[PDB]
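**Q** Input: one structure, supplied below.
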Amino acid sequence: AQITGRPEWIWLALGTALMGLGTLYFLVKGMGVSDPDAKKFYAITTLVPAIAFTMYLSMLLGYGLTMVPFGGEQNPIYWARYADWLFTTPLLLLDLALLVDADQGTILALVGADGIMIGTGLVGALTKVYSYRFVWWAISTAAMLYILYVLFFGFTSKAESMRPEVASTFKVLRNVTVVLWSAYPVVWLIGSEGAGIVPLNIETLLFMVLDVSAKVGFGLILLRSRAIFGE
Amino acid sequence: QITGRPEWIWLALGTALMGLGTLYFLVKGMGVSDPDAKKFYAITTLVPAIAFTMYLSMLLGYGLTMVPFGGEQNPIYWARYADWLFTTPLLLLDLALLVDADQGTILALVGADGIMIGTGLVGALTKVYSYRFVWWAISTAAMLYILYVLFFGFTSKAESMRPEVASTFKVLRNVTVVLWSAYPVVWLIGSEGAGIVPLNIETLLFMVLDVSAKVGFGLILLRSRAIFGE
Amino acid sequence: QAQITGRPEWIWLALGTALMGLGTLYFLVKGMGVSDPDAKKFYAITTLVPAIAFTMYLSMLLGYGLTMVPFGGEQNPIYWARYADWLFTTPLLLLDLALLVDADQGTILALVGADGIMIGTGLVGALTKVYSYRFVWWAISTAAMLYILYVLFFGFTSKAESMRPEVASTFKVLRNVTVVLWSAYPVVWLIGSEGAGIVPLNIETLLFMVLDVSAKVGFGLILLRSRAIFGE
Ligand SMILES: O=S(=O)(O)O[C@H]1[C@@H](O)[C@@H](CO)O[C@@H](OC[C@H]2O[C@H](O[C@@H]3[C@@H](O)[C@H](O)[C@@H](CO)O[C@@H]3O)[C@@H](O)[C@@H](O)[C@@H]2O)[C@@H]1O
Ligand SMILES: O=S(=O)(O)O[C@H]1[C@@H](O)[C@@H](CO)O[C@@H](OC[C@H]2O[C@H](O[C@@H]3[C@@H](O)[C@H](O)[C@@H](CO)O[C@@H]3O)[C@@H](O)[C@@H](O)[C@@H]2O)[C@@H]1O
Ligand SMILES: CC(C)CCC[C@H](C)CCC[C@H](C)CCC[C@H](C)CCO
Ligand SMILES: CC(C)CCC[C@H](C)CCC[C@H](C)CCC[C@H](C)CCO
Ligand SMILES: CC(C)CCC[C@H](C)CCC[C@H](C)CCC[C@H](C)CCO
Ligand SMILES: CC(C)CCC[C@H](C)CCC[C@H](C)CCC[C@H](C)CCO
Ligand SMILES: CC(C)CCC[C@H](C)CCC[C@H](C)CCC[C@H](C)CCO
Ligand SMILES: CC(C)CCC[C@H](C)CCC[C@H](C)CCC[C@H](C)CCO
Ligand SMILES: CC(C)CCC[C@H](C)CCC[C@H](C)CCC[C@H](C)CCO
Ligand SMILES: CC(C)CCC[C@H](C)CCC[C@H](C)CCC[C@H](C)CCO
Ligand SMILES: CC(C)CCC[C@H](C)CCC[C@H](C)CCC[C@H](C)CCO
Ligand SMILES: CC(C)CCC[C@H](C)CCC[C@H](C)CCC[C@H](C)CCO
Ligand SMILES: OC[C@H]1O[C@@H](O)[C@H](O)[C@@H](O)[C@@H]1O
Ligand SMILES: CCCCCCCC
């Protein structure tokens with residue numbers, strides 16, 4: 001059942017390679033940088049892939065893998081992803097917050113909501129009672145939908161009042177994040193952690209591609225542009 | 001290994017009030033332009049929402065665990081500490097922000113609140129019965145330190161802001177010093193310490209203090225003049 | 001080879017609980033007055049470090065913070081409670097140092113986060129069942145520390161040598177203390193019960209107790225007596 005600890009190793013190893021090179025890249029590129037504003041963006045955007053490197057290595061080496069009893073058998077679960085996402089997503093949000101110079105009110109309401117989204121997901125991923133896992137999923141999705149709402153119908157208007165570079169950069173990112181983040185509830189749902197439509201194998205591969213691109217990718221769009229009165 | 005069955009009604013009622021209290025605070029902060037009042041709404045809404053998630057887990061059994069102390073397995077709801085760990089520092093942040101407290105006292109405060117819950121959690125999961133009280137004492141000492149700065153510290157600075165501020169804070173300060181200090185008493189006499197009171201009534205007690213300490217504290221706050229705006 | 005524990009190093013943990021608790025009451029019954037908001041931060045940060053450590057030292061004393069990890073072919077005792085402590089403690093020591101040199105929000109985050117990976121990774125290696133892998137995590141955690149010390153040494157110095165002669169002097173002493181005491185942790189752990197068998201858990205608990213007391217209570221003193229915290 002979702003025979004793990006061996007098939008998806010190549011995906012996990014690959015995810016570790018990209019995330020690590022992606023990190024060494026953003027490290028051996030932030031070298032100069034004087035502007036204190038651009039300093040935040042480089043800091044935030046380098047820890048995201050870095051944290052991920054750590055977590056992908058655990059899954060590859062086994063540690064981040066655990067078994068849960070549900071549906072009818074011993075089910076392989078990678079909790080290490082929620083260890084990653086728990087911190088990683090809020091940093092991704094901080095980048096956009098700092099880029100649109102959002103109010104401290106929305107930043108908190110955003111990070112805290114993000115906390116519930118991952119937290120609730122972790123719960124559902126480890127819940128033993130099958131039916132309930134989807135109660136947590138629904139709650140986690142509602143949390144993401146709220147975050148995506150303020151990013152789309154909230155951070156755009158405030159972005160379209162900054163500089164043409166800012167409004168244009170935020171938008172590309174906003175597009176990449178509303179799309180990449182919304183796929184997560186879908187993969188989770190059809191994967192080893194919900195219905196068994198798709199095997200852990202493909203559930204690892206899909207996450208590894210959405211991850212690299214929601215991180216190394218998102219970071220490339222951001223760090224290569226004019227990061228608000230700094231570059 | 002029943003553990004979670006009698007107090008289901010309390011937990012479900014607790015999940016109910018925490019859910020509605022949140023939706024209420026969500027479908028109430030709709031407008032709000034002032035960045036200062038924005039903070040208060042953001043802080044005050046996460047508290048009940050966080051508690052919703054945690055009460056649900058207890059009701060669905062997940063937030064329940066068996067601790068082997070005193071020749072037996074014991075029904076311990078760790079989910080309260082998962083809740084409290086984050087929830088309480090937020091209630092204190094509202095207060096800090098209301099009295100425009102220094103970043104020094106905020107950190108000292110939050111830090112201390114972290115020790116309070118963390119220690120309580122440790123005590124609640126300790127196998128050696130005796131020790132559980134050592135941790136309870138250490139936790140109470142931490143609470144006592146917190147309530148001090150809130151009472152004999154945050155008041156003086158509140159009585160120098162505005163008549164709305166000083167009056168609002170005082171009502172909250174009254175509600176928090178009273179509700180917060182009840183917790184160590186319920187824990188001590190409950191299923192987590194001495195068996196004076198069954199897990200049942202305890203779950204009910206916490207559920208009444210939780211709803212008021214959050215949805216109640218929230219209402220008093222979100223109805224008054226919350227800094228630079230409303 | 002190694003084997004079960006929970007009693008020889010009771011004294012080291014007791015003494016460690018001891019010093020840490022006193023050091024905290026000392027820093028508490030010393031921050032009594034203090035009106036300056038700038039120095040306020042420093043007292044608030046420097047007080048919690050030992051307070052957190054007291055809690056984590058006591059747990060290791062009362063057995064709670066001890067656990068058994070299977071590896072190398074046999075079960076083994078590990079004190080995870082240190083990592084619980086360090087996770088929150090070390091970054092506060094960095095915050096004190098960042099606030100002193102008035103460091104940029106960019107580097108504070110780049111510092112805290114790196115510290116998170118440093119402890120976190122350490123914890124992971126400490127709990128890894130496959131023996132070979134534990135060193136892979138060690139290597140990584142050390143690389144994280146090394147970075148952290150770099151921005152402190154070859155980074156916070158130059159920004160310090162531009163503040164006030166008090167600041168520049170206070171920071172250098174601390175910098176000297178941290179770079180020296182922090183760099184021992186990877187050495188103790190590598191030779192200790194959580195790595196190779198060179199030295200028993202007994203002495204490894206002792207070593208960390210010496211290093212913890214000084215790196216916190218010692219550091220805390222050098223700092224709260226400098227007034228180069230703009231507070232009097
Ligand atoms: O599942 S049942 O509701 O039917 O009753 C209990 C038993 O089935 C028991 C033995 O299988 O398992 C219990 O659920 C497992 C535990 O879940 C939570 O803790 C888990 C921990 O066990 C896992 O190791 C970890 C990931 O691998 O996730 C969590 O930390 C707690 O609720 C525990 O109390 C519980 O035993 C089940 O409740
Ligand atoms: O073999 S001994 O009897 O001599 O000692 C063992 C027993 O006392 C046994 C009793 O069940 O407990 C063993 O320690 C258990 C672990 O306790 C703590 O971890 C718990 C975790 O297991 C629980 O899931 C959770 C809530 O239920 O609380 C804690 O996190 C830690 O102290 C672990 O290190 C310890 O192994 C004891 O060794
Ligand atoms: C954010 C601060 C407050 C907490 C930091 C916590 C650390 C990142 C550790 C994260 C541990 C995760 C949530 C554990 C989930 C349950 C796993 C089965 C435990 C495996 O040890
Ligand atoms: C179940 C989940 C989706 C509930 C989500 C709750 C939200 C994260 C709470 C955030 C604060 C709410 C919106 C009330 C304050 C109103 C502010 C204008 C929000 C943005 O700062
Ligand atoms: C303000 C910031 C620091 C906190 C934001 C909100 C927090 C992340 C709270 C959300 C925590 C969720 C419910 C997860 C709790 C931990 C899980 C019960 C662990 C399961 O082992
Ligand atoms: C596994 C623990 C140590 C790490 C995760 C802790 C959470 C981030 C917040 C606090 C939750 C406490 C520590 C959980 C205690 C053990 C419970 C049986 C966990 C059930 O998920
Ligand atoms: C065991 C318990 C009581 C320890 C509590 C320790 C405190 C959280 C430490 C906070 C910092 C102390 C008060 C020193 C700074 C002095 C400030 C005037 C305190 C309020 O900001
Ligand atoms: C806001 C931040 C920087 C300061 C506050 C940090 C908190 C004081 C740290 C929490 C410490 C408590 C004692 C919890 C330690 C870990 C738990 C005892 C583990 C339970 O398995
Ligand atoms: C203080 C709040 C954030 C909860 C504590 C967060 C710490 C990361 C958790 C402390 C436990 C560390 C990580 C070790 C986990 C493994 C232990 C066997 C779990 C016993 O609780
Ligand atoms: C594996 C270890 C060495 C990776 C550590 C990476 C760091 C957390 C990243 C910090 C940001 C790097 C230095 C790139 C931005 C340059 C800035 C001057 C950093 C301080 O804001
Ligand atoms: C404040 C936030 C945003 C930044 C700091 C976050 C930390 C760097 C995140 C910690 C990541 C390390 C690898 C720990 C992951 C969780 C542990 C491996 C769980 C052990 O059971
Ligand atoms: C190999 C070198 C670079 C390691 C780092 C420096 C050394 C740890 C220096 C020792 C630092 C202070 C004196 C603490 C020593 C504590 C131990 C009892 C030392 C045992 O040799
Ligand atoms: O990740 C697989 C390989 O991809 C190549 O494009 C990189 O240059 C290598 O460094 C990497 O190992
Ligand atoms: C083969 C290593 C380079 C891959 C580039 C991927 C960019 C997201």
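Just remember, in the structure tokens the first chain shown is A, the second B, etc., residues are 1-based per chain, and ligands are 1-based in the order shown.
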Up to 9 Å from chain C, what residues of chain B turn up? Count only C-alpha atoms and give them as a ChimeraX atom specification.

**A** /B:102-109,111-112,115,119,122,126-128,131,135,138

**Q** Kindly provide, as JSON, numbers by chain, all nucleotide and amino acid residues lying within 6 Å of ligand 2, counting only C-alpha atoms and all ligand atoms.

**A** {"B": [65, 66, 67, 68, 125], "C": [64, 65, 66, 67]}

**Q** Pull the helix (DSSP H, G or I) assignments for stretch 19-229 of chain C out of DSSP run on the backbone, and list those residues as a PyMOL selection string.

**A** chain C and resi 19-28+37-61+81-100+105-126+131-153+156-160+165-182+185-191+201-224

**Q** May I have a table of the residues of chain C lying at most 7 Å from chain A, giving each one's closest pair of atoms and their distance in Å to one decimal, counting only C-alpha atoms, ordered by chain and ascending residue number, as a Markdown table?

**A**
```
| residue | atom | partner | partner_atom | distance |
| --- | --- | --- | --- | --- |
| C:104 | CA | A:36 | CA | 6.4 |
| C:105 | CA | A:40 | CA | 6.6 |
| C:106 | CA | A:40 | CA | 4.1 |
| C:109 | CA | A:43 | CA | 6.7 |
| C:110 | CA | A:43 | CA | 5.2 |
| C:113 | CA | A:47 | CA | 6.7 |
| C:117 | CA | A:51 | CA | 6.9 |
| C:128 | CA | A:63 | CA | 6.7 |
```

**Q** Can you write just those residues out, N, CA, C and O atoms, as a tab-separated table (two decimals), in the first residue's frame?

**A**
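The result, written out as result04.tsv:
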```tsv
chain	number	residue	atom	x	y	z
C	104	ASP	N	20.86	44.98	10.51
C	104	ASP	CA	19.74	45.07	9.57
C	104	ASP	C	18.77	43.90	9.71
C	104	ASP	O	19.19	42.75	9.90
C	105	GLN	N	17.47	44.19	9.57
C	105	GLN	CA	16.41	43.17	9.66
C	105	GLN	C	16.68	42.01	8.72
C	105	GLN	O	16.24	40.89	8.97
C	106	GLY	N	17.42	42.28	7.66
C	106	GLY	CA	17.77	41.26	6.70
C	106	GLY	C	18.67	40.22	7.33
C	106	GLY	O	18.37	39.03	7.26
C	109	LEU	N	17.09	38.04	10.34
C	109	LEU	CA	16.31	36.91	9.85
C	109	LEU	C	17.25	35.84	9.29
C	109	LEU	O	17.11	34.66	9.58
C	110	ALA	N	18.25	36.26	8.53
C	110	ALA	CA	19.22	35.35	7.94
C	110	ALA	C	20.06	34.66	9.00
C	110	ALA	O	20.78	33.68	8.73
C	113	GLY	N	16.98	32.24	11.29
C	113	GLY	CA	16.68	31.11	10.43
C	113	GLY	C	17.82	30.11	10.32
C	113	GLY	O	17.58	28.91	10.40
C	117	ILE	N	17.95	26.08	11.49
C	117	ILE	CA	18.43	24.92	10.77
C	117	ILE	C	19.53	24.21	11.58
C	117	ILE	O	19.58	22.98	11.61
C	128	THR	N	18.41	10.09	14.62
C	128	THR	CA	18.51	9.21	13.46
C	128	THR	C	18.95	7.80	13.84
C	128	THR	O	19.98	7.61	14.49
```

**Q** Could you please select, counting only C-alpha atoms, the residues of chain B within 12 Å of chain A and state them as a PyMOL selection string?

**A** chain B and resi 19+26+29+32-54+56-64+79+82-83+86-87+90+93-94+97

**Q** Residues within 6 Å of ligand 13 (only C-alpha atoms and all ligand atoms), as a tab-separated table (two decimals) with N, CA and C atoms, in the first residue's frame?

**A**
```tsv
chain	number	residue	atom	x	y	z
A	14	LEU	N	16.10	14.05	-6.18
A	14	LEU	CA	16.08	15.09	-7.18
A	14	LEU	C	15.63	16.40	-6.52
A	17	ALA	N	18.45	17.74	-4.65
A	17	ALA	CA	19.47	18.30	-5.51
A	17	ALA	C	19.10	19.71	-5.96
A	18	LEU	N	17.89	19.86	-6.50
A	18	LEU	CA	17.43	21.17	-6.99
A	18	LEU	C	17.40	22.22	-5.88
```

**Q** Please give the complete set of residues from stretch 2-222 of chain C that DSSP, run on the backbone, assigns to strand (DSSP E), formatted as a list in words.

**A**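 DSSP on the backbone gives strand (DSSP E) at residues 67, 68, 69, 70, 71, 74, 75, 76, 77 and 78 of chain C.
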
**Q** Can you tell me, as a PyMOL selection string, what residues are no more than 7 Å from residue C:138 when counting only C-alpha atoms, ignoring any on the same chain fewer than 3 positions away?

**A** chain C and resi 122+125+134-135+141-142

**Q** Mind checking which residues fall within 12 Å of residue A:159, counting only C-alpha atoms, ignoring those fewer than 6 positions away in the same chain, and posting them as a PyMOL selection string?

**A** chain A and resi 96-102+151-153+165-174+228

**Q** To one decimal place, how far is atom 15 (C, counted along the ligand's line) of ligand 7 from atom CA of residue B:153 in Å?

**A**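 Atom-to-atom, atom 15 (C, counted along the ligand's line) of ligand 7 and atom CA of residue B:153 are spaced 12.4 Å apart.
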
**Q** Would you mind reading off the distance between atom 11 (C, counted along the ligand's line) of ligand 10 and atom CA of residue A:205, one decimal, in Å?

**A**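 For atom 11 (C, counted along the ligand's line) of ligand 10 relative to atom CA of residue A:205, the distance reads 28.1 Å.
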
**Q** Name the closest residue to ligand 6 among the candidates B:142, B:96, B:117, B:185; distances are taken between atoms, counting only C-alpha atoms and all ligand atoms.

**A** B:117

**Q** Please list as an NGL selection string every residue within 9 Å of residue A:210, counting only C-alpha atoms and excluding residues in the same chain fewer than 4 positions away.

**A** :A and (180-181 or 183-184 or 205-206 or 214-215)

**Q** Based on the selection just made, write N, CA and C atoms of those residues as a PDB file, in the first residue's frame.

**A**
```pdb
ATOM      1  N   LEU A 180       0.220  27.534  -8.264  1.00  0.00           N
ATOM      2  CA  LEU A 180       0.984  26.460  -7.622  1.00  0.00           C
ATOM      3  C   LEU A 180       0.428  26.001  -6.273  1.00  0.00           C
ATOM      4  N   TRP A 181      -0.024  26.950  -5.459  1.00  0.00           N
ATOM      5  CA  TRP A 181      -0.582  26.644  -4.134  1.00  0.00           C
ATOM      6  C   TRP A 181      -1.927  25.933  -4.189  1.00  0.00           C
ATOM      7  N   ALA A 183      -2.937  23.822  -6.347  1.00  0.00           N
ATOM      8  CA  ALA A 183      -2.771  22.431  -6.776  1.00  0.00           C
ATOM      9  C   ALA A 183      -2.507  21.490  -5.600  1.00  0.00           C
ATOM     10  N   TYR A 184      -1.905  22.014  -4.527  1.00  0.00           N
ATOM     11  CA  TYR A 184      -1.606  21.201  -3.337  1.00  0.00           C
ATOM     12  C   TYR A 184      -2.809  20.444  -2.764  1.00  0.00           C
ATOM     13  N   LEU A 205       6.247  12.823  -6.668  1.00  0.00           N
ATOM     14  CA  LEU A 205       6.705  13.504  -7.877  1.00  0.00           C
ATOM     15  C   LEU A 205       5.979  14.838  -8.108  1.00  0.00           C
ATOM     16  N   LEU A 206       4.655  14.838  -7.988  1.00  0.00           N
ATOM     17  CA  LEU A 206       3.874  16.069  -8.166  1.00  0.00           C
ATOM     18  C   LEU A 206       4.287  17.158  -7.143  1.00  0.00           C
ATOM     19  N   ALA A 214       7.651  26.362  -6.805  1.00  0.00           N
ATOM     20  CA  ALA A 214       7.029  27.337  -5.912  1.00  0.00           C
ATOM     21  C   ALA A 214       8.102  27.978  -5.049  1.00  0.00           C
ATOM     22  N   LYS A 215       9.313  27.416  -5.115  1.00  0.00           N
ATOM     23  CA  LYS A 215      10.447  27.933  -4.342  1.00  0.00           C
ATOM     24  C   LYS A 215      11.571  28.456  -5.218  1.00  0.00           C
TER      25      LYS A 215
END
```

**Q** Kindly provide, as a list in words, all nucleotide and amino acid residues lying within 6 Å of ligand 9, counting only C-alpha atoms and all ligand atoms.

**A** residues 118 of chain B; 80 and 84 of chain C

**Q** Could you please take those selected residues and save N, CA, C and O atoms as a tab-separated table (two decimals), in the first residue's frame?

**A**
```tsv
chain	number	residue	atom	x	y	z
B	118	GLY	N	4.29	25.72	27.95
B	118	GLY	CA	5.27	24.67	27.73
B	118	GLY	C	5.51	23.82	28.96
B	118	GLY	O	5.56	22.59	28.88
C	80	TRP	N	17.06	14.87	24.36
C	80	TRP	CA	16.49	15.76	23.35
C	80	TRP	C	16.16	17.13	23.91
C	80	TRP	O	16.21	18.12	23.16
C	84	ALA	N	15.41	21.28	22.57
C	84	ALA	CA	14.18	22.01	22.80
C	84	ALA	C	14.62	23.39	23.28
C	84	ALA	O	14.14	24.42	22.80
```

**Q** List as a PyMOL selection string the protein and nucleic acid residues lying within 6 Å of ligand 12, with only C-alpha atoms and all ligand atoms counted.

**A** chain C and resi 180-181+183-184+207

**Q** Taking only C-alpha atoms and all ligand atoms into account, name the residue in A:197, A:80, A:150, A:91 that is nearest to ligand 3.

**A** A:80

**Q** Between atom CA of residue C:32 and atom 2 (C, counted along the ligand's line) of ligand 7, what distance in Å does the model show, to one decimal?

**A**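 One can read the atom CA of residue C:32 to atom 2 (C, counted along the ligand's line) of ligand 7 distance as 14.0 Å.
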
**Q** Please identify all polymer residues within 6 Å of residue A:199, counting only C-alpha atoms, omitting same-chain residues fewer than 4 positions from it, and present them as a list in words.

**A**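 Once the adjacent positions are removed, what remains is residues 2, 191 and 192 of chain A.
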
**Q** Would you mind exporting the chosen residues as a compact mmCIF listing (two decimals), in the first residue's frame, restricted to N, CA, C and O atoms?

**A**
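File out-v1.txt, as written:
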```txt
# COMPACT_ATOMS: atom_id res chain seq x y z
N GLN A 2 0.92 1.92 -1.14
CA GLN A 2 1.73 3.13 -1.32
C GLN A 2 3.16 2.79 -0.92
O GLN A 2 3.82 3.59 -0.23
N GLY A 191 -4.02 11.64 -3.68
CA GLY A 191 -2.83 10.87 -3.36
C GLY A 191 -2.92 9.96 -2.18
O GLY A 191 -3.99 9.78 -1.57
N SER A 192 -1.76 9.41 -1.81
CA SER A 192 -1.64 8.48 -0.70
C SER A 192 -2.23 9.00 0.62
O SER A 192 -2.61 8.23 1.49
```
